[PDB]
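This is target_22.cif. It holds mmCIF, N, CA and C atoms.
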data_protein
loop_
_atom_site.label_atom_id
_atom_site.label_comp_id
_atom_site.auth_asym_id
_atom_site.auth_seq_id
_atom_site.Cartn_x
_atom_site.Cartn_y
_atom_site.Cartn_z
N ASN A 1 120.52 99.15 92.00
CA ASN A 1 120.04 99.01 93.37
C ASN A 1 118.94 100.03 93.67
N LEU A 2 119.10 101.26 93.19
CA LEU A 2 118.10 102.29 93.45
C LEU A 2 116.81 102.00 92.68
N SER A 3 116.92 101.46 91.47
CA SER A 3 115.72 101.07 90.74
C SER A 3 114.97 99.96 91.47
N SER A 4 115.71 98.98 92.00
CA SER A 4 115.06 97.94 92.80
C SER A 4 114.41 98.53 94.04
N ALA A 5 115.09 99.48 94.69
CA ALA A 5 114.52 100.10 95.89
C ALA A 5 113.25 100.87 95.56
N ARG A 6 113.24 101.58 94.43
CA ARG A 6 112.03 102.26 93.99
C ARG A 6 110.92 101.26 93.70
N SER A 7 111.27 100.14 93.07
CA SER A 7 110.28 99.11 92.79
C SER A 7 109.66 98.58 94.07
N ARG A 8 110.48 98.38 95.10
CA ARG A 8 109.99 97.81 96.35
C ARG A 8 108.88 98.64 96.98
N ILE A 9 108.80 99.93 96.66
CA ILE A 9 107.81 100.81 97.27
C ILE A 9 106.85 101.43 96.26
N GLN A 10 107.05 101.23 94.96
CA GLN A 10 106.25 101.92 93.95
C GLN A 10 105.36 100.98 93.15
N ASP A 11 105.93 99.97 92.50
CA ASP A 11 105.15 99.17 91.57
C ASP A 11 104.22 98.22 92.31
N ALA A 12 103.29 97.64 91.56
CA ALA A 12 102.21 96.84 92.11
C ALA A 12 102.54 95.36 92.02
N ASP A 13 102.29 94.64 93.11
CA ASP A 13 102.39 93.19 93.12
C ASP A 13 101.18 92.63 92.38
N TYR A 14 101.34 92.37 91.08
CA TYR A 14 100.20 92.08 90.22
C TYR A 14 99.41 90.87 90.69
N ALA A 15 100.05 89.91 91.35
CA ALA A 15 99.28 88.80 91.92
C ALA A 15 98.28 89.31 92.94
N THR A 16 98.74 90.13 93.89
CA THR A 16 97.85 90.65 94.92
C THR A 16 96.79 91.57 94.32
N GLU A 17 97.19 92.42 93.37
CA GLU A 17 96.23 93.35 92.77
C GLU A 17 95.15 92.61 91.98
N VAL A 18 95.54 91.58 91.23
CA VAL A 18 94.54 90.79 90.51
C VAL A 18 93.62 90.07 91.49
N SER A 19 94.18 89.54 92.58
CA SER A 19 93.33 88.91 93.59
C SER A 19 92.34 89.91 94.17
N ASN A 20 92.80 91.12 94.48
CA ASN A 20 91.90 92.14 95.02
C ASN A 20 90.85 92.56 94.01
N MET A 21 91.22 92.66 92.74
CA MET A 21 90.25 93.02 91.71
C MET A 21 89.16 91.96 91.58
N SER A 22 89.57 90.68 91.56
CA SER A 22 88.58 89.61 91.49
C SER A 22 87.69 89.60 92.72
N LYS A 23 88.28 89.78 93.90
CA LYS A 23 87.49 89.82 95.12
C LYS A 23 86.51 90.98 95.10
N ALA A 24 86.95 92.15 94.63
CA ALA A 24 86.07 93.30 94.58
C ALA A 24 84.93 93.08 93.58
N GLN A 25 85.21 92.40 92.47
CA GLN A 25 84.14 92.06 91.54
C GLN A 25 83.13 91.12 92.19
N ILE A 26 83.61 90.13 92.95
CA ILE A 26 82.70 89.23 93.65
C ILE A 26 81.84 90.01 94.63
N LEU A 27 82.46 90.91 95.40
CA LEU A 27 81.69 91.73 96.33
C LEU A 27 80.70 92.62 95.60
N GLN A 28 81.06 93.13 94.42
CA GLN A 28 80.13 93.97 93.67
C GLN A 28 78.90 93.19 93.24
N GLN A 29 79.10 92.01 92.64
CA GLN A 29 77.95 91.23 92.20
C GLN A 29 77.11 90.76 93.38
N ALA A 30 77.76 90.33 94.46
CA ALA A 30 77.02 89.93 95.65
C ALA A 30 76.25 91.11 96.24
N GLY A 31 76.86 92.29 96.25
CA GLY A 31 76.20 93.46 96.80
C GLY A 31 75.00 93.89 95.98
N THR A 32 75.13 93.89 94.65
CA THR A 32 73.98 94.26 93.84
C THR A 32 72.87 93.22 93.94
N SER A 33 73.22 91.94 94.07
CA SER A 33 72.20 90.91 94.25
C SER A 33 71.48 91.08 95.59
N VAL A 34 72.24 91.25 96.67
CA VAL A 34 71.62 91.39 97.98
C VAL A 34 70.82 92.68 98.06
N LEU A 35 71.26 93.73 97.36
CA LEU A 35 70.48 94.96 97.31
C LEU A 35 69.18 94.75 96.55
N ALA A 36 69.23 93.99 95.45
CA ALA A 36 68.01 93.66 94.73
C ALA A 36 67.02 92.96 95.65
N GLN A 37 67.46 91.90 96.32
CA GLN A 37 66.60 91.24 97.31
C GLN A 37 66.22 92.14 98.48
N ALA A 38 67.00 93.18 98.77
CA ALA A 38 66.61 94.13 99.80
C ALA A 38 65.49 95.04 99.33
N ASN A 39 65.42 95.31 98.03
CA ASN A 39 64.39 96.20 97.52
C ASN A 39 62.99 95.59 97.59
N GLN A 40 62.88 94.26 97.55
CA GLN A 40 61.57 93.63 97.66
C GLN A 40 61.17 93.33 99.10
N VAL A 41 61.98 93.75 100.08
CA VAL A 41 61.58 93.60 101.48
C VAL A 41 60.26 94.32 101.76
N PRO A 42 60.05 95.57 101.33
CA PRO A 42 58.74 96.19 101.58
C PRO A 42 57.62 95.64 100.72
N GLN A 43 57.91 94.86 99.68
CA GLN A 43 56.84 94.29 98.87
C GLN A 43 55.96 93.35 99.68
N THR A 44 56.55 92.65 100.66
CA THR A 44 55.75 91.82 101.55
C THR A 44 54.69 92.64 102.27
N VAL A 45 55.00 93.90 102.58
CA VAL A 45 54.00 94.80 103.13
C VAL A 45 52.88 95.02 102.13
N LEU A 46 53.22 95.14 100.85
CA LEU A 46 52.21 95.38 99.83
C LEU A 46 51.56 94.06 99.44
N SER A 47 51.14 93.29 100.45
CA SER A 47 50.29 92.13 100.25
C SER A 47 48.98 92.27 101.00
N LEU A 48 49.04 92.54 102.30
CA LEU A 48 47.85 92.86 103.08
C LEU A 48 47.43 94.30 102.81
N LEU A 49 46.13 94.51 102.69
CA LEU A 49 45.60 95.84 102.42
C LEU A 49 44.23 96.04 103.05
N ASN B 1 168.70 92.32 73.82
CA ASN B 1 168.19 92.14 75.18
C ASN B 1 167.12 93.17 75.52
N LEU B 2 167.29 94.42 75.09
CA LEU B 2 166.28 95.43 75.38
C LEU B 2 165.00 95.19 74.59
N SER B 3 165.11 94.69 73.36
CA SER B 3 163.91 94.29 72.62
C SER B 3 163.20 93.15 73.33
N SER B 4 163.97 92.21 73.89
CA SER B 4 163.36 91.16 74.70
C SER B 4 162.63 91.74 75.90
N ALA B 5 163.26 92.68 76.60
CA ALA B 5 162.61 93.29 77.76
C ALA B 5 161.34 94.01 77.36
N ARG B 6 161.37 94.71 76.23
CA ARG B 6 160.17 95.36 75.72
C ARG B 6 159.10 94.34 75.37
N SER B 7 159.51 93.17 74.88
CA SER B 7 158.54 92.12 74.60
C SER B 7 157.89 91.61 75.88
N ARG B 8 158.69 91.37 76.92
CA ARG B 8 158.12 90.94 78.19
C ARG B 8 157.16 91.98 78.76
N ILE B 9 157.53 93.26 78.69
CA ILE B 9 156.72 94.26 79.38
C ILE B 9 155.50 94.67 78.55
N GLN B 10 155.63 94.71 77.23
CA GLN B 10 154.64 95.33 76.36
C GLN B 10 153.86 94.35 75.50
N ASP B 11 154.53 93.37 74.90
CA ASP B 11 153.86 92.45 74.00
C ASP B 11 152.89 91.55 74.76
N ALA B 12 151.95 90.98 74.02
CA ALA B 12 150.90 90.14 74.59
C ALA B 12 151.05 88.71 74.10
N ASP B 13 151.07 87.76 75.03
CA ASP B 13 151.17 86.34 74.72
C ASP B 13 149.81 85.84 74.24
N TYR B 14 149.71 85.56 72.93
CA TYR B 14 148.40 85.35 72.32
C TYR B 14 147.62 84.20 72.93
N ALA B 15 148.28 83.20 73.53
CA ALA B 15 147.53 82.10 74.12
C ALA B 15 146.57 82.60 75.19
N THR B 16 147.06 83.46 76.08
CA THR B 16 146.24 83.94 77.19
C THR B 16 145.03 84.71 76.69
N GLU B 17 145.26 85.71 75.84
CA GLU B 17 144.14 86.56 75.42
C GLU B 17 143.25 85.86 74.40
N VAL B 18 143.75 84.84 73.70
CA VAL B 18 142.85 84.03 72.89
C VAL B 18 141.92 83.22 73.78
N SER B 19 142.45 82.65 74.86
CA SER B 19 141.58 81.98 75.83
C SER B 19 140.58 82.97 76.42
N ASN B 20 141.04 84.19 76.72
CA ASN B 20 140.14 85.22 77.24
C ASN B 20 139.08 85.59 76.22
N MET B 21 139.45 85.65 74.94
CA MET B 21 138.48 85.90 73.89
C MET B 21 137.41 84.82 73.85
N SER B 22 137.82 83.56 73.91
CA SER B 22 136.84 82.48 73.88
C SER B 22 135.92 82.55 75.09
N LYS B 23 136.50 82.79 76.27
CA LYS B 23 135.69 82.92 77.48
C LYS B 23 134.72 84.09 77.37
N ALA B 24 135.19 85.22 76.83
CA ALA B 24 134.34 86.39 76.69
C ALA B 24 133.21 86.15 75.70
N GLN B 25 133.49 85.44 74.61
CA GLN B 25 132.45 85.15 73.63
C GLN B 25 131.39 84.23 74.22
N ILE B 26 131.82 83.18 74.92
CA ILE B 26 130.85 82.29 75.55
C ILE B 26 130.04 83.05 76.59
N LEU B 27 130.70 83.92 77.36
CA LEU B 27 129.99 84.74 78.34
C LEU B 27 129.00 85.67 77.66
N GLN B 28 129.37 86.22 76.50
CA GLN B 28 128.48 87.10 75.76
C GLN B 28 127.22 86.38 75.33
N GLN B 29 127.38 85.19 74.74
CA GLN B 29 126.22 84.43 74.30
C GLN B 29 125.35 84.02 75.48
N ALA B 30 125.98 83.55 76.56
CA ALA B 30 125.22 83.15 77.74
C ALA B 30 124.48 84.34 78.34
N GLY B 31 125.13 85.50 78.40
CA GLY B 31 124.48 86.68 78.94
C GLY B 31 123.32 87.14 78.09
N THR B 32 123.47 87.09 76.76
CA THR B 32 122.36 87.45 75.89
C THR B 32 121.18 86.51 76.11
N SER B 33 121.45 85.20 76.21
CA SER B 33 120.37 84.25 76.43
C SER B 33 119.69 84.48 77.78
N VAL B 34 120.49 84.69 78.83
CA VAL B 34 119.93 84.88 80.16
C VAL B 34 119.11 86.16 80.22
N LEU B 35 119.60 87.22 79.57
CA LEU B 35 118.82 88.45 79.47
C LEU B 35 117.52 88.19 78.73
N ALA B 36 117.56 87.35 77.70
CA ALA B 36 116.33 86.99 77.00
C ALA B 36 115.33 86.36 77.96
N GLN B 37 115.74 85.32 78.70
CA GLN B 37 114.79 84.67 79.61
C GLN B 37 114.31 85.64 80.69
N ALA B 38 115.19 86.52 81.17
CA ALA B 38 114.75 87.54 82.11
C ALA B 38 113.69 88.43 81.49
N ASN B 39 113.77 88.66 80.18
CA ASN B 39 112.76 89.49 79.52
C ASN B 39 111.39 88.82 79.48
N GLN B 40 111.33 87.50 79.33
CA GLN B 40 110.03 86.83 79.42
C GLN B 40 109.66 86.43 80.83
N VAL B 41 110.51 86.69 81.82
CA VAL B 41 110.10 86.48 83.21
C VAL B 41 108.77 87.16 83.54
N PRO B 42 108.54 88.43 83.18
CA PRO B 42 107.24 89.04 83.52
C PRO B 42 106.08 88.57 82.67
N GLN B 43 106.31 87.80 81.60
CA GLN B 43 105.19 87.28 80.81
C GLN B 43 104.27 86.40 81.64
N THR B 44 104.80 85.75 82.68
CA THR B 44 103.96 84.92 83.53
C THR B 44 102.86 85.73 84.19
N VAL B 45 103.07 87.04 84.34
CA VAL B 45 102.00 87.91 84.84
C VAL B 45 100.80 87.85 83.90
N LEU B 46 101.05 87.80 82.60
CA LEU B 46 99.96 87.68 81.64
C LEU B 46 99.52 86.23 81.50
N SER B 47 99.27 85.59 82.64
CA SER B 47 98.56 84.32 82.71
C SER B 47 97.30 84.45 83.54
N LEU B 48 97.39 85.13 84.68
CA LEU B 48 96.22 85.53 85.46
C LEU B 48 95.79 86.92 85.02
N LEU B 49 94.49 87.11 84.86
CA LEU B 49 93.96 88.40 84.43
C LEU B 49 92.61 88.67 85.09
#

Would you give me this structure, written as structure tokens?
Amino acid sequence: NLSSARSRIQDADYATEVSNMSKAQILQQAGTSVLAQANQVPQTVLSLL
Amino acid sequence: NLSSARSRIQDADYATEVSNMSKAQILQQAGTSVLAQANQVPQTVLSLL
């Protein structure tokens, strides 16, 4: 019973953790892509001179 | 008569404990198998990664 009680507050719900890991990977790739497109925002300025 | 009384109080009627032996053996095999399946219960975690 005490081992189960320790588990209830200690170990990881691997379904939820895997879901969070996949979600965080999606956010990482989306963030680096949107940051890449953010870096060329001032390039439009470097057209008129 | 006293040997009879000692038989009633001390000796074991083999039918009962033979039945108990059979029940215990079947319980042993069933418990080993159930423990086995409990051991592969967490293998389902190694399906999502």

Evaluate the PyMOL selection byres ((chain B) within 8 of (chain A)) and record the selected residues as a VMD selection string, following the chain and residue labels used in the document. chain B and resid 45 48 to 49

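What separates CA of residue 16 in chain A from CA of residue 42 in chain B is a distance of 14.9 Å.
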
Looking only at alpha helix (DSSP H) from DSSP on the backbone, list the matching residues of chain A as JSON, numbers by chain. {"A": [2, 3, 4, 5, 6, 7, 8, 9, 10, 14, 15, 16, 17, 18, 19, 20, 21, 22, 23, 24, 25, 26, 27, 28, 29, 30, 31, 32, 33, 34, 35, 36, 37, 38, 39]}

Just need the box for range 24-36 of chain A, edges along x, y and z, holding every atom the file lists for it with 5 Å tacked onto each side, so centre and edge lengths in Å to one decimal, as JSON.
{"center_x": 77.0, "center_y": 92.1, "center_z": 94.8, "size_x": 29.9, "size_y": 15.7, "size_z": 16.5}

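Between atom N of residue 46 in chain B and atom C of residue 12 in chain A the separation is 12.2 Å.
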
Atomic separation - CA of residue 3 in chain A relative to CA of residue 39 in chain B, Å: 16.4 Å
